[PDB]
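Engineer: This is the structure, below, for whatever I ask next.
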Amino acid sequence: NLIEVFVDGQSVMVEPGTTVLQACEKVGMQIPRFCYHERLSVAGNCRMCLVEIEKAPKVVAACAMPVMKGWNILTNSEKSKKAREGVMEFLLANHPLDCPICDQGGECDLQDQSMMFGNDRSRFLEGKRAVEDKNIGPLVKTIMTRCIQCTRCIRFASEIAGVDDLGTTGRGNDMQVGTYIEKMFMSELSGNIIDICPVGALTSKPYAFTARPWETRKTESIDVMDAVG
Amino acid sequence: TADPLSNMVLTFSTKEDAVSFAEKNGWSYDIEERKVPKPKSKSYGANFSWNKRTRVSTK
Amino acid sequence: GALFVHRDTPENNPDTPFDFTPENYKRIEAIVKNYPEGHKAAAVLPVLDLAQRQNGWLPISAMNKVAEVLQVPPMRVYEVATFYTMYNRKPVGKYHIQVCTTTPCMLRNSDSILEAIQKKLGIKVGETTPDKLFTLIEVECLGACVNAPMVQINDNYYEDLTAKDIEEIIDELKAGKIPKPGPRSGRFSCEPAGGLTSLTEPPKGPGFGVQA
Amino acid sequence: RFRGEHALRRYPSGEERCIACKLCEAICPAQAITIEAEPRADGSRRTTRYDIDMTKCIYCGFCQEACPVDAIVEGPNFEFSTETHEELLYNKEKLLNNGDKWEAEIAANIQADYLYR
Amino acid sequence: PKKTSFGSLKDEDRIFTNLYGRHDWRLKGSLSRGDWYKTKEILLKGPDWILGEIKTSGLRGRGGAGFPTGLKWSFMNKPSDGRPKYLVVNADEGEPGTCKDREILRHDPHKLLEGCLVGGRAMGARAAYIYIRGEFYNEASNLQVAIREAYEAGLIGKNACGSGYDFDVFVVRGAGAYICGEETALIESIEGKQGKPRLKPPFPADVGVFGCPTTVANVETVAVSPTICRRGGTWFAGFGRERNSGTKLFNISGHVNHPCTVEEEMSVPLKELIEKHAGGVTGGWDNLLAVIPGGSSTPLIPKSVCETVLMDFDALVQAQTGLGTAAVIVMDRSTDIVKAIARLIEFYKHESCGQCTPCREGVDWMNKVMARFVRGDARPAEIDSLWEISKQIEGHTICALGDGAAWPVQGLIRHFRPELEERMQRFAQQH
Amino acid sequence: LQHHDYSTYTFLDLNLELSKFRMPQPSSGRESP
Ligand SMILES: Cc1cc2nc3c(=O)[nH]c(=O)nc-3n(C[C@H](O)[C@H](O)[C@H](O)COP(=O)(O)O)c2cc1C
Ligand code: SF4
Ligand code: SF4
Ligand code: SF4
Ligand code: SF4
Ligand code: SF4
Ligand code: FES
Ligand code: FES
């Protein structure tokens, strides 16, 4: 039934259709990512997914290209690494120098994957851009500057929230996902966007500055605020 | 802090392993299940199509 | 033009009323007739032209109005009005000069066309004149590269302008409607005056096409 | 270079340098430091209770190096033995005072040393 | 032809008379040309032999892609799947160095219309969608008029000039979207979606506008196609080198005595049309050192390799140059080049939207780097670092705008490196 | 003289005139979001 495709060496009974992402993630190998999300929707922007197929003339988008038989995927192969280096050199080419004041800066995914990949030294020599702040709610402060044109948040917002106030604005340099007009975004699941932000762009106001992730214990249970349990 | 032992933490290769430790050591325990997320079918075009009412919008 | 956000709410268009003419309703409905019934959205881009065609500028009232028209969320109209530069979100003068300075014209010293326009008007290029008429601006390649510098004034293509010819254009702008050709040096229909080689035979009869 | 009594210190403007980045809390090998960062009414990140006890400080002087904003400084002073244990468990307050008395000196030494780091 | 001899071309070899506007662009002028010839009879209710006529035509992409249009159009022999099929025509004409698609629409809509009819039939298309620039308003009205003349004659509309194959064109316009010059960006433009191109796990052939399957082609290919289907496409295949079968518009431009557009045999030497149709550059051909093939996108050509190259794109590929719709911008030596290429990359930065990060950031960055270069402030080694940036842009960017964004400065490095260093030394001497 | 010298409103009107010539648009299927 299932199509066969090779992870680096091992043959894999991968599902018909399905992305290279889920293929590598079946053997447990894990592709670097940002804009993609596991229960959202694929988007081609921010190509951190780049990998070369064994016979590939040039690298494919692992989070998106459907698997098919006869392919082989050396995730550890050098060219893929050059690709990821290509992503990280660029994301940081204009990122704000504010890890320390970032509420996400103690745990930002951009950091972990900055450690996993990208040259240790940078070669900036000019003047980075920085957008103005853009309030969209009392309980969800948005520093911006930090958002990486990754569009996971609009695909959350426009869809599951059902509200569409959020979205892209402009093109070329100084393009921004800052929502049009002053009006606040509002939703009954307004807060979840905070979680979904890869960086510190969407830091919650009430929790702001309060703490740093490593210090915290993570005691588990269930809420009773909803009957949803 | 009250209880001295409170910061203890212990990795295990398997569940029966941890159960075996709490049994060897005499403490009571509560087993909990693994939570691998269920697989989700996904495709680039699934976002589109006029009929499927996925559509999304501008991109 | 960094003000993509429109965070500002100028009294010029906070909730200032605006409405299309009935003819415009007929036109946009005709556009709905141009496109499949399941998606009104194909019509979004054209309506914004018409909304501006009535004005030469797009108030936010026009934006949420059009959003009401095609029954789609306003953010669509915002994103599309924004992404596409030809729409003008700042009110303009009677003319919208948009001279190219792109390299094919830059070699043709289009920049001289620019200093000519400035020295004539005294405008700092992009600023609106107090006169509320001229609105000079540099623009990327309009795709008439083969000829010369061009000054597309409100879709009035002009080419081969000399600074004196620019004197003629600007003075004529106050004088009346302008002829709207290709090259102004004397050539027309892109045809070089130096040889006019290429095609040479007039006929092109419906022949040779027999194949079988 | 010499390491000694700690002191928080200000901007030339007279604002405190501290931003509560709380990595100096992540480094103090004896974990003497304790920090509760909270928002300013002005909105800026600010410690509400920075504190350190010299009883557990090992004067490795990591924090002098670790701070991104160069907030806390291991000052010149060394002579400050006390009659009682309590006088050792410093609040942010005492540290600020220490940065007050020695700021000329501290800034002077940093003026001597800063290239090496 | 088969020989090294080139620069030859019969006027009646041209598919395109009234290229320059003479002899009436009005439909009556098309009739004087007898353009509707056997156009009704081409519709024998089965593609194949016309589609094969184009496969045998040797014809390839006129979008600058150079991709075999017969095979490209072969894709929609497929069953319609119950979703209506459409043909989208690329008329963006926003690309630099390119005035070729302008005068043709201004002076010969009709052959293109017959191309929409024949090629639209080949696709089994329900319609014939056609994009227009917002810069192109007046011209959109001219074409709308000629299309209305096509309606009144019944040559289009229901059944369309007999045969019984229903055929309605649909004129479409945009606004400032140069990126819609990319095909899928334009396909995105049709839904009212912003013109940021799709990644393609599915090809446009598989899914088109509104989810209903579609297709695209450049104006040149689709306009030549009906004549391919009438006059033998093998006759089209005879010109130039075999892979470079047919003819191509040659837009000589920039510093030259007589800049012009001239459709011509694919494989004329590049210097020839300069010495002929262009009339030669001012100060003579000897002044030339940098003249670029392609629409201000493909890498620069030095005069030494320039003498040898034939206008057909394969000769350009041996010159390490892409087709680029074979636009030609001459650049006289007296002017600085680095300012020009910097202006070009600036042209990219203004127009690259910025969906996938690597190209957005890559151009936003490489531009500023170029500003540092042109100002001369830059260190000599820095340019090599720009090359690295280029390497991270090319195969990574989701679309080819970044490729042409990268290439010209790659050429400026590769040839004008000593020139760069020479420029930097002068800034070094000011102190 | 010029091939083009049109009114600002002209295009949509020329568009509307040919609307009678249009074959009906597909309803596709789903219509209301
Ligand atoms: C007028 C025009 C402008 C184009 N602009 C671009 C562009 O900016 N970037 C790009 O990658 N492709 C561009 N293309 C090529 C498209 O990506 C597409 O492949 C092409 O239009 C189809 O060529 P064909 O019709 O010869 O198959 C352009 C094509 C045309 C006709
Ligand atoms: S977002 Fe992640 S990376 Fe950017 S600043 Fe906050 S922490 Fe440092
Ligand atoms: S919030 Fe800012 S950063 Fe997080 S996804 Fe939306 S845009 Fe990218
Ligand atoms: S030094 Fe100031 S800023 Fe650095 S961690 Fe200790 S408190 Fe936070
Ligand atoms: S002095 Fe040495 S030990 Fe005490 S805090 Fe600063 S670094 Fe940690
Ligand atoms: S790659 Fe850069 S330019 Fe090509 S489409 Fe994606 S964003 Fe626009
Ligand atoms: S992982 Fe989502 S596109 Fe790279
Ligand atoms: S190059 Fe400036 S308009 Fe074509």
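Chain A is numbered as in Swiss-Prot, which gives 30-258 for the residues shown.
Placed from the backbone N, Cα and C atoms, the Cβ positions cover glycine too.
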Engineer: Let me know which member of A:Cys92, A:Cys128 Swiss-Prot also records as binding [2Fe-2S] cluster at the site of A:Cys64, A:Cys75, A:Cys78.
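Structural biologist: Same [2Fe-2S] cluster site in Swiss-Prot: A:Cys92.
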Engineer: Since Swiss-Prot lists A:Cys176, A:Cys179, A:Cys182 for [4Fe-4S] cluster 2, which candidate among A:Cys131, A:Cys226 does it give for that site as well?
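Structural biologist: Record source Swiss-Prot; matching candidate: A:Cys226.
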Engineer: Please name the residue among the binding-site residues A:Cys64, A:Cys78, A:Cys131, A:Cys176 whose C-beta has the most neighbouring C-beta atoms within 10 angstroms.
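Structural biologist: It comes out as A:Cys78.
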Engineer: Please identify, among the binding-site residues A:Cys64, A:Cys78, A:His124, A:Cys128, the one with the smallest Cα-Cα distance to A:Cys226 ([4Fe-4S] cluster 2 binding site).
Structural biologist: A:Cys64
Engineer: Listed recorded positions are A:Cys64, A:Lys84, A:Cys179; which of them have CA atoms within 10 A of the CA of A:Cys137 ([4Fe-4S] cluster 1 binding site)?
Structural biologist: none
Engineer: So among A:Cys64, A:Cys92, A:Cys176, A:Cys179, A:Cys182, all listed as binding-site residues, which is physically nearest to A:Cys128 ([4Fe-4S] cluster 1 binding site)? Use the C-alpha atoms.
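Structural biologist: Closest recorded candidate to A:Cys128 ([4Fe-4S] cluster 1 binding site) by Cα: A:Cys176.
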Engineer: Between the Cα atoms of A:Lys84 (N6-acetyllysine) and A:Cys64 ([2Fe-2S] cluster binding site), find the distance and write it as a whole number of Å.
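Structural biologist: So the alpha carbons of A:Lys84 (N6-acetyllysine) and A:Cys64 ([2Fe-2S] cluster binding site) sit roughly 27 Å from each other.
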Engineer: Looking at the binding-site residues A:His124, A:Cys131, A:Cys176, A:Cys179, A:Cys182, whose Cα is closest in space to that of A:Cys92 ([2Fe-2S] cluster binding site)?
Structural biologist: A:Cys179
Engineer: If you draw a 10 Å sphere around the Cβ of A:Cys179 ([4Fe-4S] cluster 2 binding site), how many other Cβ atoms fall inside it, taking every protein chain shown into account?
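Structural biologist: I count 25 other Cβ atoms within 10 Å of it.
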Engineer: Near A:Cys176 ([4Fe-4S] cluster 2 binding site), which binding-site residues out of A:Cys78, A:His124, A:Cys131 have their CA within 10 Å?
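Structural biologist: So the list is A:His124.
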Engineer: Take the recorded positions A:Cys75, A:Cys78, A:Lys84, A:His124, A:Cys137 and keep those with a Cβ under 8 Å from any chain E Cβ; what remains?
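Structural biologist: It is A:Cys75, listed by sequence.
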Engineer: Please work out the number of neighbouring Cβ atoms within 10 Å of the Cβ of A:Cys226 ([4Fe-4S] cluster 2 binding site), leaving out its own Cβ.
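Structural biologist: Total other Cβ atoms inside 10 Å, all chains included: 23.
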